[PDB]
Structures are given as C-alpha cells and as structure tokens.
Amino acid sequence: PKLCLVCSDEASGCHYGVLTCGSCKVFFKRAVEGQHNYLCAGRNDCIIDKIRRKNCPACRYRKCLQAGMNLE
C-alpha cells in the first residue's frame, strides 16, 4: 500500500504531481478553481488525517501545496 502525502489515507494514485487519496485529489482541484477563502480556527497547524481533514480546509489546502500539488 501507499499513503496520501496530505492526509495519510490510502493513496489511490499520483494526482496533480503527488501521491494522494481520491478525496484529497478532488479537494485540491476544487480549492484551486473556486473561491472559498478558508480560515483556520487554530494555529495554521491543524492535524490533517482521515478523521480530521475536513475540519480545516485552510490547513488541508496548505498541506496540498507543501506536498507540491499543482494542475499543470
């Protein structure tokens, strides 16, 4: 098996340049195309795992960027 570089769930494949799970793949594509602006309610360092990833879009988006996801 292989892990999502963003949320540590089971990766489904290489998406947007990075190993990710399906949910993170479509989250990113949705985050980079739409207007959302996200606000972190903690300290910009929220725990993004399978359980908590939808708590903080802001921190999930940032982790997406830091892993190097991009549309091409």
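Note that residue numbering begins at 1 and tracks the sequence as displayed. Between two forms, the rigid core is defined as the largest C-alpha subset superposing within 1.5 Å.
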Quick note, superposing on core in 8 other deposited structures of this protein and taking C-alpha RMS, the more shifted stretch of 43-51 and 29-37 is 29-37
Quick note on 62-70 and 1-9: per-entry mean CA temperature factor is higher in 1-9
Stretch with higher mean Cα temperature factor, 42-50 vs 29-37, is 29-37
By the entry's values, the third containing the CA B factor of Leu19 is the middle
